[PDB]
Amino acid sequence: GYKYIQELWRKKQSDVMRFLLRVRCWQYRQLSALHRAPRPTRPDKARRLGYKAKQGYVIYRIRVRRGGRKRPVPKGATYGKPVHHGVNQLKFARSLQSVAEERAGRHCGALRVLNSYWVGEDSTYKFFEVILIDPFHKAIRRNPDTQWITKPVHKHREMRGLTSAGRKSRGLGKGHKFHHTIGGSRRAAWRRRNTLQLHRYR
Amino acid sequence: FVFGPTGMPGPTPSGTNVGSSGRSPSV
Amino acid sequence: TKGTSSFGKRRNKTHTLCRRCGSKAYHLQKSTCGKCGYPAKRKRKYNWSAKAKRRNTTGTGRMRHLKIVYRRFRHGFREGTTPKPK
Amino acid sequence: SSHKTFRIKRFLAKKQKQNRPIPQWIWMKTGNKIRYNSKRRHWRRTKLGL
Amino acid sequence: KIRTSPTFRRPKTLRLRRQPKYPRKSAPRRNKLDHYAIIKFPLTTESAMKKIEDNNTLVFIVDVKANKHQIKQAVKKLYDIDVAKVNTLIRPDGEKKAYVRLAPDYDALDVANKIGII
Amino acid sequence: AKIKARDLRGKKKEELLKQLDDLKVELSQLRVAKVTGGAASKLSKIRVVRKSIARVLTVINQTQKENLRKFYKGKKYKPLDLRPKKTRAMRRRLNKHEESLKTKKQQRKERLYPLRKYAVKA
Amino acid sequence: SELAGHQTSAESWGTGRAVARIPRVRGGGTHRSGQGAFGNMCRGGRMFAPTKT
RNA sequence: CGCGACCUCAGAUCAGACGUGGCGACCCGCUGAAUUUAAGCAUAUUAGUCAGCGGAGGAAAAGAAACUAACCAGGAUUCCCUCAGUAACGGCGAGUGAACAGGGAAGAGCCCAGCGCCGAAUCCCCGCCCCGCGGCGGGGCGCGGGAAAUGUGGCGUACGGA
RNA sequence: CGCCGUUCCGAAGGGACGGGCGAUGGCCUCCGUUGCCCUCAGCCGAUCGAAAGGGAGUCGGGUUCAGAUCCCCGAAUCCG
Ligand SMILES: [Mg+2]
Ligand SMILES: [Mg+2]
Ligand SMILES: [Mg+2]
Ligand SMILES: [Mg+2]
Ligand SMILES: [Mg+2]
Ligand SMILES: [Mg+2]
Ligand SMILES: [Mg+2]
Ligand SMILES: [Mg+2]
Ligand SMILES: [Mg+2]
Ligand SMILES: [Mg+2]
Ligand SMILES: [Mg+2]
Ligand SMILES: [Mg+2]
Ligand SMILES: [Mg+2]
Ligand SMILES: [Mg+2]
Ligand SMILES: [Mg+2]
Ligand SMILES: [Mg+2]
Ligand SMILES: [Mg+2]
Ligand SMILES: [Mg+2]
Ligand SMILES: [Mg+2]
Ligand SMILES: [Mg+2]
Ligand SMILES: [Mg+2]
Ligand SMILES: [Mg+2]
Ligand SMILES: [Mg+2]
Ligand SMILES: [Mg+2]
Ligand SMILES: [Mg+2]
Ligand SMILES: [Mg+2]
Ligand SMILES: [Zn+2]
């Protein structure tokens, strides 16, 4: 059609896309940290991630500060064995995109997070856009293609790590690389491996 | 018509005081 | 002087009855309760006191609406009906 | 003090009305064990918290 | 229309009034502080019988949430007696005693004679 | 006279509020008899009149509520008191029609490939 | 039970005090105050090797 | 100057909804020790455990392979026996430590975007008509209002499909 | 979870006189009402913080077993 905007948004090192990503990043850097967008900045990436252009679908733009997770402790002094004297070079286990989806999914707690995507970044900020669905509209309630999002099991998909950006952080998957999450999750594997089955007859 | 007696409560005292004033220094 | 003498100066109270939990732990200066953190929306409770929870849980009080929800449950929360009249 | 508040005058009033003995006709009941009132309070010994 | 002041102040827009499509609660809650609930019973103590006899007053144990206005207008309904003034005080028991002083012509001793306390 | 709730349902709103405004005066005169000192025959009538007032106000609120939910019988929005009150999660479900809704793709699968009933020989 | 005998908070008083060095219940103006808390020997307390399921 | 669009953005006690807090045995996402073991101790161990924070459901999570294999090949997830105290990790010290295959409990698959095709063929809202009416719907009207071409609905999804 | 922050990255005033338009109730005379524009408006930060700071206005005499600048009598006074 969308397949032109798609292959265009892959030459981010080009001239046109390095001008656009820069005027976009400048304009985003002037607004609030979490503000509602009028329409999806990337309409193609939004369709690909499940955004039907109909009432009820909401797009929030949100910026997050880049960099690792300095340990929250007093001056230095993380009292423990030298193993855990690390404060500076530590990293967070959830992607900045998963932190964007839950800073939107918490600021606006009525809406259900579907997905999110990258719309720009600079040295000190990363800008994402979160596809929030209003689960009590009738364009979503009645349409049976998307009435799964309205059941109480999917409350705060991103606080429970069920979105795409979240699921990418739990190391789950099929293969010889993802053995430590056989079962539900890493802790449901850990439980069964660290659980002593004591039969009646031994 | 049998009348009744009475009853009054009071906090239970606990013995933990130790003056430890006595000193026997002999190096 | 740190003892019996300076036990007389105690005349102005630190805490008063909290309005959310009725316990005498509302720090008048810090303006927050030490028992439930009243000005905060979330009731404060920590796992490191297994016993302080059992003093404030859904059974400890009247359950004036739960003891009826547990009764309306045995019939799927029927509504707008009455038994057949005499 | 004498500069009470309403919430406190009312709590003291409740603590005044809880401070009376069991009616004598109440341990001639059938399923009875209460010999006397044990939750009583004296203003001198026990100091009502607060 | 020139900008005379260098401060862009927010323009005042229009504000409608609530035209609901359905009242939230179905019926207005009845006034539970009735003229009858506002006066529980009188006192028959020689501290109040000297008020009735000498001061030409009456002593009621009114509800605690009652004003001197509600009391005045609730003795002028249950007993049909114009009232000079009302002086309330909350007892250590918890109830609100109220000394109601009757108009000059009305006789307390003879309006307590009626209602029973005498 | 034993005031039963049955013979209170035919009477009119003001033929009920006159009974209420008479029972409250009978209370006031009994709470006075209690403090002036009266016969137990009177003292024991307090529990009888407090419950007669309870019966009256009960029939008043019941007839008024029935009239209300008749007035809003067929309307779309009705007061949150007349709306069916079940558990919050039970009120925030999908209708039986939204549950019973199917996409045209599944109304076509269910039609072209129904679940056949069969047996096998042993 | 697995919690029986351990639902209290009690630390030994230590040497001195002319007391038998068993843990003891903390403070309080009650009978059960500095009274011996854990161990099979004490009243209340936990039994030796609590039977398991 | 004014007028009329559109975009972006405010204001409402605007009409109608929604969230918040509690419980927490089980479950999901992060954060995360030190007692102790090593006859000391610093890596390791305790342990991704206790504490801490957030979010749910009657189950949750996972789930129809960017899989296992190297066979004469198997075929979503979860669970049990077994593999196995194994391969491997480790001051190769203390100690730690899976998976595949196989036998079982259960057993079920699917759906979009995209690429094209169709006169937007789609959806929400208010007013009136008749019913249904205590899980707010069915059918009819409205030169009634909107959403939507910056893409709604039907066919269709890797097992190929038109 | 929340913390920081208190005029700081803010479209932060829902108010007033007069006028014009519109409606309303009555000596519908003449005021009052509320709807719409026109004109005008600084502020300086929501709110809390003192029974000893600031803070208009009550004194005499009588009386109870326990209350009086509080009740009774008699003299005033402030605010609206
Ligand atoms: Mg971690
Ligand atoms: Mg990756
Ligand atoms: Mg202090
Ligand atoms: Mg909590
Ligand atoms: Mg004392
Ligand atoms: Mg389809
Ligand atoms: Mg025991
Ligand atoms: Mg509204
Ligand atoms: Mg060691
Ligand atoms: Mg050792
Ligand atoms: Mg050591
Ligand atoms: Mg270590
Ligand atoms: Mg924990
Ligand atoms: Mg919650
Ligand atoms: Mg539930
Ligand atoms: Mg699930
Ligand atoms: Mg397998
Ligand atoms: Mg073996
Ligand atoms: Mg390990
Ligand atoms: Mg296998
Ligand atoms: Mg089988
Ligand atoms: Mg399409
Ligand atoms: Mg596939
Ligand atoms: Mg103040
Ligand atoms: Mg002052
Ligand atoms: Mg002063
Ligand atoms: Zn509290």
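Here chain E follows Swiss-Prot, giving residues 39-156 in order.
Recorded method is electron microscopy, 3.2 Å.
Positions of Cβ are set from backbone N, Cα and C atoms, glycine also.
Swiss-Prot has this to say about the protein:
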- E:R41: citrulline (MOD_RES)
- E:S43: phosphoserine (MOD_RES)
- E:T45: phosphothreonine (MOD_RES)
- E:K70: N6-acetyllysine (MOD_RES)
I need the CA-to-CA distance for E:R41 (citrulline) versus the residue listed as 'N6-acetyllysine', whole Å please.
58
Could you state the CA-to-CA distance between E:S43 (phosphoserine) and the residue listed as 'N6-acetyllysine' to the nearest Å?
56
According to DSSP, which of helix, strand or coil covers E:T45 (phosphothreonine)?
coil
I need the CA-to-CA distance for E:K70 (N6-acetyllysine) versus E:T45 (phosphothreonine), whole Å please.
53
Let me check the 10 A CB neighbour count of E:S43 (phosphoserine). How many other CB atoms are there?
6
